[PDB]
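Q: This is query06.cif (mmCIF, C-alpha atoms; chains and numbers go by the auth columns).
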data_my_file
loop_
_atom_site.group_PDB
_atom_site.id
_atom_site.type_symbol
_atom_site.label_atom_id
_atom_site.label_comp_id
_atom_site.label_asym_id
_atom_site.label_seq_id
_atom_site.Cartn_x
_atom_site.Cartn_y
_atom_site.Cartn_z
_atom_site.B_iso_or_equiv
_atom_site.auth_seq_id
_atom_site.auth_asym_id
ATOM 1 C CA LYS A 1 -149.174 20.764 -143.327 0.00 1 T
ATOM 2 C CA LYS A 2 -150.546 17.181 -142.894 0.00 2 T
ATOM 3 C CA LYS A 3 -149.212 17.570 -139.299 0.00 3 T
ATOM 4 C CA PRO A 4 -148.068 14.767 -137.004 0.00 4 T
ATOM 5 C CA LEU A 5 -150.766 13.726 -134.536 0.00 5 T
ATOM 6 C CA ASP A 6 -150.976 16.578 -132.007 0.00 6 T
ATOM 7 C CA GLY A 7 -151.397 15.550 -128.378 0.00 7 T
ATOM 8 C CA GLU A 8 -154.976 14.385 -127.896 0.00 8 T
ATOM 9 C CA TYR A 9 -156.974 17.442 -126.842 0.00 9 T
ATOM 10 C CA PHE A 10 -159.255 17.312 -123.792 0.00 10 T
ATOM 11 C CA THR A 11 -161.879 19.811 -122.622 0.00 11 T
ATOM 12 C CA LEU A 12 -162.148 20.798 -118.957 0.00 12 T
ATOM 13 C CA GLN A 13 -164.863 22.708 -117.117 0.00 13 T
ATOM 14 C CA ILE A 14 -163.353 25.448 -114.901 0.00 14 T
ATOM 15 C CA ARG A 15 -165.536 27.165 -112.301 0.00 15 T
ATOM 16 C CA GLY A 16 -164.981 30.898 -111.683 0.00 16 T
ATOM 17 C CA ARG A 17 -164.160 33.207 -114.597 0.00 17 T
ATOM 18 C CA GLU A 18 -161.086 34.433 -112.691 0.00 18 T
ATOM 19 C CA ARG A 19 -159.826 30.851 -112.413 0.00 19 T
ATOM 20 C CA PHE A 20 -160.390 30.387 -116.163 0.00 20 T
ATOM 21 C CA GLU A 21 -158.142 33.338 -117.038 0.00 21 T
ATOM 22 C CA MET A 22 -155.566 31.909 -114.640 0.00 22 T
ATOM 23 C CA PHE A 23 -155.814 28.400 -116.113 0.00 23 T
ATOM 24 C CA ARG A 24 -155.690 29.874 -119.641 0.00 24 T
ATOM 25 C CA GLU A 25 -152.399 31.628 -118.828 0.00 25 T
ATOM 26 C CA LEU A 26 -150.899 28.367 -117.560 0.00 26 T
ATOM 27 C CA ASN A 27 -152.318 26.638 -120.645 0.00 27 T
ATOM 28 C CA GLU A 28 -150.903 29.169 -123.111 0.00 28 T
ATOM 29 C CA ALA A 29 -147.675 29.318 -121.103 0.00 29 T
ATOM 30 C CA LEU A 30 -147.138 25.558 -121.485 0.00 30 T
ATOM 31 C CA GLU A 31 -148.115 25.700 -125.173 0.00 31 T
ATOM 32 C CA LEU A 32 -145.520 28.435 -125.747 0.00 32 T
ATOM 33 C CA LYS A 33 -142.762 26.284 -124.228 0.00 33 T
ATOM 34 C CA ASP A 34 -144.016 23.364 -126.314 0.00 34 T
ATOM 35 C CA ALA A 35 -143.627 25.445 -129.486 0.00 35 T
ATOM 36 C CA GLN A 36 -139.969 26.069 -128.565 0.00 36 T
ATOM 37 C CA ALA A 37 -139.592 22.474 -127.350 0.00 37 T
ATOM 38 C CA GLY A 38 -140.559 21.517 -130.896 0.00 38 T
ATOM 39 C CA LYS A 39 -137.203 23.110 -131.774 0.00 39 T
ATOM 40 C CA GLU A 40 -134.680 20.638 -133.204 0.00 40 T
ATOM 41 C CA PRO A 41 -131.849 19.627 -130.840 0.00 41 T
ATOM 42 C CA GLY A 42 -128.783 21.890 -131.216 0.00 42 T
ATOM 43 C CA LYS B 1 -181.316 23.089 -103.377 0.00 1 Z
ATOM 44 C CA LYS B 2 -182.204 26.122 -105.597 0.00 2 Z
ATOM 45 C CA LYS B 3 -178.467 26.967 -105.184 0.00 3 Z
ATOM 46 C CA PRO B 4 -176.908 30.428 -105.344 0.00 4 Z
ATOM 47 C CA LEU B 5 -175.399 31.179 -108.751 0.00 5 Z
ATOM 48 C CA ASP B 6 -172.239 29.044 -108.947 0.00 6 Z
ATOM 49 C CA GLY B 7 -169.213 30.710 -110.519 0.00 7 Z
ATOM 50 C CA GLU B 8 -169.764 30.862 -114.266 0.00 8 Z
ATOM 51 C CA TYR B 9 -168.266 27.684 -115.714 0.00 9 Z
ATOM 52 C CA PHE B 10 -165.869 27.841 -118.672 0.00 10 Z
ATOM 53 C CA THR B 11 -164.541 25.025 -120.864 0.00 11 Z
ATOM 54 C CA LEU B 12 -160.865 24.867 -121.837 0.00 12 Z
ATOM 55 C CA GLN B 13 -159.096 22.727 -124.423 0.00 13 Z
ATOM 56 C CA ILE B 14 -155.939 21.122 -122.951 0.00 14 Z
ATOM 57 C CA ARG B 15 -153.413 19.489 -125.279 0.00 15 Z
ATOM 58 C CA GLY B 16 -151.650 16.321 -124.062 0.00 16 Z
ATOM 59 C CA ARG B 17 -153.562 13.746 -122.009 0.00 17 Z
ATOM 60 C CA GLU B 18 -150.841 13.932 -119.337 0.00 18 Z
ATOM 61 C CA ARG B 19 -151.379 17.689 -119.044 0.00 19 Z
ATOM 62 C CA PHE B 20 -155.141 17.101 -118.713 0.00 20 Z
ATOM 63 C CA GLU B 21 -154.686 14.810 -115.702 0.00 21 Z
ATOM 64 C CA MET B 22 -152.365 17.431 -114.230 0.00 22 Z
ATOM 65 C CA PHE B 23 -154.809 20.285 -114.886 0.00 23 Z
ATOM 66 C CA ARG B 24 -157.672 18.145 -113.521 0.00 24 Z
ATOM 67 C CA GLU B 25 -155.784 17.655 -110.241 0.00 25 Z
ATOM 68 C CA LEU B 26 -155.254 21.408 -109.908 0.00 26 Z
ATOM 69 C CA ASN B 27 -158.916 21.900 -110.839 0.00 27 Z
ATOM 70 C CA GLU B 28 -160.234 19.393 -108.295 0.00 28 Z
ATOM 71 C CA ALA B 29 -157.701 20.648 -105.748 0.00 29 Z
ATOM 72 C CA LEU B 30 -159.047 24.212 -106.008 0.00 30 Z
ATOM 73 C CA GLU B 31 -162.649 22.953 -105.938 0.00 31 Z
ATOM 74 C CA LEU B 32 -161.911 21.033 -102.729 0.00 32 Z
ATOM 75 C CA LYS B 33 -160.590 24.178 -101.026 0.00 33 Z
ATOM 76 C CA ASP B 34 -163.627 26.053 -102.332 0.00 34 Z
ATOM 77 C CA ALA B 35 -165.930 23.505 -100.672 0.00 35 Z
ATOM 78 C CA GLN B 36 -164.197 24.196 -97.334 0.00 36 Z
ATOM 79 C CA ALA B 37 -164.027 27.923 -98.116 0.00 37 Z
ATOM 80 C CA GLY B 38 -167.814 27.723 -98.328 0.00 38 Z
ATOM 81 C CA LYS B 39 -167.548 27.014 -94.587 0.00 39 Z
ATOM 82 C CA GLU B 40 -169.131 29.716 -92.415 0.00 40 Z
ATOM 83 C CA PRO B 41 -166.673 32.015 -90.599 0.00 41 Z
ATOM 84 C CA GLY B 42 -165.796 30.713 -87.106 0.00 42 Z
ATOM 85 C CA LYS C 1 -127.455 46.150 -117.339 0.00 1 V
ATOM 86 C CA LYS C 2 -128.506 48.181 -114.228 0.00 2 V
ATOM 87 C CA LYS C 3 -131.912 46.470 -114.798 0.00 3 V
ATOM 88 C CA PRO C 4 -135.313 47.830 -113.793 0.00 4 V
ATOM 89 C CA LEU C 5 -136.550 46.354 -110.514 0.00 5 V
ATOM 90 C CA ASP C 6 -137.517 42.750 -111.331 0.00 6 V
ATOM 91 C CA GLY C 7 -140.697 41.476 -109.697 0.00 7 V
ATOM 92 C CA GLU C 8 -139.957 40.823 -106.036 0.00 8 V
ATOM 93 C CA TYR C 9 -138.854 37.194 -105.787 0.00 9 V
ATOM 94 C CA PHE C 10 -140.423 34.861 -103.216 0.00 10 V
ATOM 95 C CA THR C 11 -139.344 31.372 -102.133 0.00 11 V
ATOM 96 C CA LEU C 12 -141.895 28.584 -101.682 0.00 12 V
ATOM 97 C CA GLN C 13 -141.542 25.164 -100.077 0.00 13 V
ATOM 98 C CA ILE C 14 -143.039 22.435 -102.316 0.00 14 V
ATOM 99 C CA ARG C 15 -143.615 18.955 -100.892 0.00 15 V
ATOM 100 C CA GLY C 16 -143.021 15.960 -103.194 0.00 16 V
ATOM 101 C CA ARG C 17 -140.143 16.017 -105.686 0.00 17 V
ATOM 102 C CA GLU C 18 -142.611 15.182 -108.477 0.00 18 V
ATOM 103 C CA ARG C 19 -144.681 18.245 -107.568 0.00 19 V
ATOM 104 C CA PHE C 20 -141.508 20.375 -107.624 0.00 20 V
ATOM 105 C CA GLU C 21 -140.704 19.381 -111.215 0.00 21 V
ATOM 106 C CA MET C 22 -144.318 20.148 -112.092 0.00 22 V
ATOM 107 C CA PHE C 23 -144.259 23.534 -110.337 0.00 23 V
ATOM 108 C CA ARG C 24 -140.872 24.304 -111.938 0.00 24 V
ATOM 109 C CA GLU C 25 -142.344 23.718 -115.410 0.00 25 V
ATOM 110 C CA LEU C 26 -145.219 26.099 -114.666 0.00 26 V
ATOM 111 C CA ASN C 27 -142.679 28.541 -113.214 0.00 27 V
ATOM 112 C CA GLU C 28 -140.349 28.406 -116.220 0.00 28 V
ATOM 113 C CA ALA C 29 -143.356 28.404 -118.550 0.00 29 V
ATOM 114 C CA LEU C 30 -144.631 31.692 -117.082 0.00 30 V
ATOM 115 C CA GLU C 31 -141.111 33.169 -117.109 0.00 31 V
ATOM 116 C CA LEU C 32 -140.782 32.309 -120.809 0.00 32 V
ATOM 117 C CA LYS C 33 -144.013 34.162 -121.635 0.00 33 V
ATOM 118 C CA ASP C 34 -142.797 37.053 -119.485 0.00 34 V
ATOM 119 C CA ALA C 35 -139.600 37.264 -121.554 0.00 35 V
ATOM 120 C CA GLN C 36 -141.729 37.623 -124.710 0.00 36 V
ATOM 121 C CA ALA C 37 -144.190 39.884 -122.875 0.00 37 V
ATOM 122 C CA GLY C 38 -141.188 42.138 -122.296 0.00 38 V
ATOM 123 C CA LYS C 39 -141.351 42.592 -126.082 0.00 39 V
ATOM 124 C CA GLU C 40 -142.163 46.158 -127.154 0.00 40 V
ATOM 125 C CA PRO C 41 -145.711 46.714 -128.468 0.00 41 V
ATOM 126 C CA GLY C 42 -145.919 46.282 -132.267 0.00 42 V
ATOM 127 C CA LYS D 1 -145.531 11.692 -83.896 0.00 1 C
ATOM 128 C CA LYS D 2 -142.222 10.208 -85.222 0.00 2 C
ATOM 129 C CA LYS D 3 -143.890 10.689 -88.663 0.00 3 C
ATOM 130 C CA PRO D 4 -143.194 8.673 -91.807 0.00 4 C
ATOM 131 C CA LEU D 5 -140.773 10.437 -94.149 0.00 5 C
ATOM 132 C CA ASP D 6 -142.759 13.325 -95.666 0.00 6 C
ATOM 133 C CA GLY D 7 -142.194 13.966 -99.366 0.00 7 C
ATOM 134 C CA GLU D 8 -138.801 15.617 -99.760 0.00 8 C
ATOM 135 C CA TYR D 9 -139.407 19.368 -99.617 0.00 9 C
ATOM 136 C CA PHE D 10 -137.960 21.671 -102.286 0.00 10 C
ATOM 137 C CA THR D 11 -137.746 25.474 -102.347 0.00 11 C
ATOM 138 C CA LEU D 12 -138.606 27.435 -105.493 0.00 12 C
ATOM 139 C CA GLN D 13 -138.018 31.083 -106.354 0.00 13 C
ATOM 140 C CA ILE D 14 -141.187 32.679 -107.805 0.00 14 C
ATOM 141 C CA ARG D 15 -140.961 36.074 -109.504 0.00 15 C
ATOM 142 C CA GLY D 16 -143.874 38.507 -109.035 0.00 16 C
ATOM 143 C CA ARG D 17 -145.659 38.717 -105.677 0.00 17 C
ATOM 144 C CA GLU D 18 -148.983 38.145 -107.468 0.00 18 C
ATOM 145 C CA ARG D 19 -147.635 34.906 -108.944 0.00 19 C
ATOM 146 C CA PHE D 20 -146.478 33.828 -105.468 0.00 20 C
ATOM 147 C CA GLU D 21 -149.985 34.167 -104.014 0.00 21 C
ATOM 148 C CA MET D 22 -151.267 32.211 -107.005 0.00 22 C
ATOM 149 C CA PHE D 23 -148.632 29.480 -106.631 0.00 23 C
ATOM 150 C CA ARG D 24 -149.277 29.374 -102.863 0.00 24 C
ATOM 151 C CA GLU D 25 -152.981 28.703 -103.483 0.00 25 C
ATOM 152 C CA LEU D 26 -152.137 25.831 -105.832 0.00 26 C
ATOM 153 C CA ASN D 27 -149.593 24.621 -103.266 0.00 27 C
ATOM 154 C CA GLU D 28 -152.016 24.734 -100.333 0.00 28 C
ATOM 155 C CA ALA D 29 -154.770 23.339 -102.557 0.00 29 C
ATOM 156 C CA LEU D 30 -152.684 20.249 -103.382 0.00 30 C
ATOM 157 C CA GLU D 31 -151.621 19.883 -99.735 0.00 31 C
ATOM 158 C CA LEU D 32 -155.281 19.934 -98.668 0.00 32 C
ATOM 159 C CA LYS D 33 -156.131 17.093 -101.065 0.00 33 C
ATOM 160 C CA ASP D 34 -153.051 15.242 -99.821 0.00 34 C
ATOM 161 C CA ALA D 35 -154.333 15.496 -96.237 0.00 35 C
ATOM 162 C CA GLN D 36 -157.592 13.831 -97.340 0.00 36 C
ATOM 163 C CA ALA D 37 -155.680 11.437 -99.609 0.00 37 C
ATOM 164 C CA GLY D 38 -153.922 10.336 -96.426 0.00 38 C
ATOM 165 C CA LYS D 39 -157.379 9.005 -95.500 0.00 39 C
ATOM 166 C CA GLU D 40 -157.505 5.212 -95.173 0.00 40 C
ATOM 167 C CA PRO D 41 -159.247 3.371 -98.038 0.00 41 C
ATOM 168 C CA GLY D 42 -162.979 2.848 -97.354 0.00 42 C
#
Any chance you could give the structure as structure tokens?

A:
Amino acid sequence: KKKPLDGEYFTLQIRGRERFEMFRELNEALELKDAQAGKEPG
Amino acid sequence: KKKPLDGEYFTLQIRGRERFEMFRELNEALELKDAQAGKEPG
Amino acid sequence: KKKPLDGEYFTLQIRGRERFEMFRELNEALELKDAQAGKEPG
Amino acid sequence: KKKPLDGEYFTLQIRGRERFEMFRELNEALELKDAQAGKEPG
């Protein structure tokens, strides 16, 4: 796949397990849009 | 300080440096409210 | 389409136009996952 | 108070009552930081 350079990844400490699940959903949610954003124009 | 048990901390990989700054603001923003939430009733 | 009952919609005032675009992305991002979550099991 | 011009406010429709409470917390959380950000330097 060789891949382009993916956006630099950063780690983040999140207090509260509940908050982590919430942040994960927002994280995965943005990643999902990004996968479709990677769709060619048209 | 001995401290109570703080909420279990979790790490999260965030793609995109811009997204990290954004997630950090939400993270710090929630932590700030939590510091005031730790305020005694009354 | 008759539709099932969609989740009750709520309006929210967001200060700062920049914040609005940011909140909109998170909003649309969650809605996108929801559209795929509406996918039948399997 | 006369006030400066506050950031232009924008309304946003949020599906799911649960999501609304979540978005409200992030909204209030950012507003709280903004109130302290309005603190003079020093």

Q: Apply the PyMOL selection byres ((chain V) within 12 of (chain Z)) to the structure shown and report the selected residues as a ChimeraX atom specification.

A: /V:18-19,22-23,25-26

Q: Please list as a PyMOL selection string every residue within 12 Å of residue 12 of chain C, counting all atoms listed in the file and excluding residues in the same chain fewer than 4 positions away.

A: (chain V and resi 9-15+17+19-28) or (chain C and resi 20+23-24+27)

Q: What gap, in Å, lies between atom CA of residue 6 of chain V and atom CA of residue 37 of chain V?

A: 13.6 Å

Q: Record the distance separating atom CA of residue 30 of chain C and atom CA of residue 3 of chain Z, expressed in Å with one decimal.

A: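 These atoms are spaced 26.7 Å apart.
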
Q: Would you work out the distance separating atom CA of residue 33 of chain Z from atom CA of residue 16 of chain Z, expressed in Å to one decimal?

A: 25.9 Å

Q: N, CA, C and O atoms for segment 3-25 of chain T, written as an mmCIF file, keeping the file's coordinate frame, could you do that?

A:
data_model
loop_
_atom_site.group_PDB
_atom_site.id
_atom_site.type_symbol
_atom_site.label_atom_id
_atom_site.label_comp_id
_atom_site.auth_asym_id
_atom_site.auth_seq_id
_atom_site.Cartn_x
_atom_site.Cartn_y
_atom_site.Cartn_z
ATOM 1 N N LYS T 3 -149.452 17.638 -140.773
ATOM 2 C CA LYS T 3 -149.212 17.570 -139.299
ATOM 3 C C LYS T 3 -148.977 16.144 -138.777
ATOM 4 O O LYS T 3 -149.586 15.208 -139.259
ATOM 5 N N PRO T 4 -148.217 16.040 -137.696
ATOM 6 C CA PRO T 4 -148.068 14.767 -137.004
ATOM 7 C C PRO T 4 -149.367 14.672 -136.219
ATOM 8 O O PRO T 4 -150.236 15.506 -136.387
ATOM 9 N N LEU T 5 -149.515 13.746 -135.337
ATOM 10 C CA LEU T 5 -150.766 13.726 -134.536
ATOM 11 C C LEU T 5 -150.510 14.604 -133.312
ATOM 12 O O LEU T 5 -149.638 14.325 -132.512
ATOM 13 N N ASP T 6 -151.230 15.683 -133.167
ATOM 14 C CA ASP T 6 -150.976 16.578 -132.007
ATOM 15 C C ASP T 6 -151.433 15.856 -130.753
ATOM 16 O O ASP T 6 -152.196 14.913 -130.819
ATOM 17 N N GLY T 7 -150.973 16.262 -129.605
ATOM 18 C CA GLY T 7 -151.397 15.550 -128.378
ATOM 19 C C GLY T 7 -152.917 15.549 -128.330
ATOM 20 O O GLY T 7 -153.561 16.527 -128.652
ATOM 21 N N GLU T 8 -153.494 14.454 -127.947
ATOM 22 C CA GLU T 8 -154.976 14.385 -127.896
ATOM 23 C C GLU T 8 -155.480 15.559 -127.070
ATOM 24 O O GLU T 8 -154.978 15.847 -126.003
ATOM 25 N N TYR T 9 -156.453 16.259 -127.572
ATOM 26 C CA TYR T 9 -156.974 17.442 -126.842
ATOM 27 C C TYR T 9 -158.093 17.019 -125.907
ATOM 28 O O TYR T 9 -158.886 16.153 -126.220
ATOM 29 N N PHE T 10 -158.173 17.644 -124.766
ATOM 30 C CA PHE T 10 -159.255 17.312 -123.792
ATOM 31 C C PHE T 10 -159.890 18.608 -123.307
ATOM 32 O O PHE T 10 -159.228 19.608 -123.115
ATOM 33 N N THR T 11 -161.176 18.594 -123.102
ATOM 34 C CA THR T 11 -161.879 19.811 -122.622
ATOM 35 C C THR T 11 -161.976 19.730 -121.111
ATOM 36 O O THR T 11 -161.979 18.655 -120.547
ATOM 37 N N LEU T 12 -162.056 20.841 -120.440
ATOM 38 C CA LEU T 12 -162.148 20.798 -118.957
ATOM 39 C C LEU T 12 -163.028 21.940 -118.477
ATOM 40 O O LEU T 12 -162.847 23.082 -118.851
ATOM 41 N N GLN T 13 -163.974 21.642 -117.638
ATOM 42 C CA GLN T 13 -164.863 22.708 -117.117
ATOM 43 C C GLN T 13 -164.151 23.401 -115.959
ATOM 44 O O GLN T 13 -163.694 22.758 -115.035
ATOM 45 N N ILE T 14 -164.046 24.707 -116.002
ATOM 46 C CA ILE T 14 -163.353 25.448 -114.901
ATOM 47 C C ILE T 14 -164.345 26.422 -114.270
ATOM 48 O O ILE T 14 -164.871 27.306 -114.918
ATOM 49 N N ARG T 15 -164.592 26.264 -113.007
ATOM 50 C CA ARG T 15 -165.536 27.165 -112.301
ATOM 51 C C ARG T 15 -164.843 28.500 -112.010
ATOM 52 O O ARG T 15 -163.653 28.553 -111.768
ATOM 53 N N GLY T 16 -165.585 29.572 -111.998
ATOM 54 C CA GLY T 16 -164.981 30.898 -111.683
ATOM 55 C C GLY T 16 -164.294 31.477 -112.916
ATOM 56 O O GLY T 16 -163.320 30.941 -113.410
ATOM 57 N N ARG T 17 -164.786 32.578 -113.407
ATOM 58 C CA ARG T 17 -164.160 33.207 -114.597
ATOM 59 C C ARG T 17 -162.710 33.567 -114.268
ATOM 60 O O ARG T 17 -161.819 33.418 -115.082
ATOM 61 N N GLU T 18 -162.472 34.049 -113.080
ATOM 62 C CA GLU T 18 -161.086 34.433 -112.691
ATOM 63 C C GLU T 18 -160.183 33.204 -112.827
ATOM 64 O O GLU T 18 -159.101 33.268 -113.378
ATOM 65 N N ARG T 19 -160.626 32.089 -112.325
ATOM 66 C CA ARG T 19 -159.826 30.851 -112.413
ATOM 67 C C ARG T 19 -159.576 30.516 -113.885
ATOM 68 O O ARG T 19 -158.503 30.093 -114.264
ATOM 69 N N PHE T 20 -160.564 30.700 -114.717
ATOM 70 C CA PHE T 20 -160.390 30.387 -116.163
ATOM 71 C C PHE T 20 -159.247 31.222 -116.740
ATOM 72 O O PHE T 20 -158.372 30.709 -117.409
ATOM 73 N N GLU T 21 -159.241 32.498 -116.492
ATOM 74 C CA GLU T 21 -158.142 33.338 -117.038
ATOM 75 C C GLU T 21 -156.820 32.807 -116.495
ATOM 76 O O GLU T 21 -155.834 32.715 -117.200
ATOM 77 N N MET T 22 -156.800 32.447 -115.245
ATOM 78 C CA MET T 22 -155.566 31.909 -114.640
ATOM 79 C C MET T 22 -155.184 30.598 -115.324
ATOM 80 O O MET T 22 -154.062 30.409 -115.749
ATOM 81 N N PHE T 23 -156.117 29.695 -115.445
ATOM 82 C CA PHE T 23 -155.814 28.400 -116.113
ATOM 83 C C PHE T 23 -155.408 28.665 -117.567
ATOM 84 O O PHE T 23 -154.497 28.049 -118.086
ATOM 85 N N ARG T 24 -156.063 29.580 -118.229
ATOM 86 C CA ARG T 24 -155.690 29.874 -119.641
ATOM 87 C C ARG T 24 -154.228 30.316 -119.703
ATOM 88 O O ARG T 24 -153.482 29.899 -120.566
ATOM 89 N N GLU T 25 -153.813 31.162 -118.802
ATOM 90 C CA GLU T 25 -152.399 31.628 -118.828
ATOM 91 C C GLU T 25 -151.475 30.423 -118.676
ATOM 92 O O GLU T 25 -150.525 30.260 -119.414
#
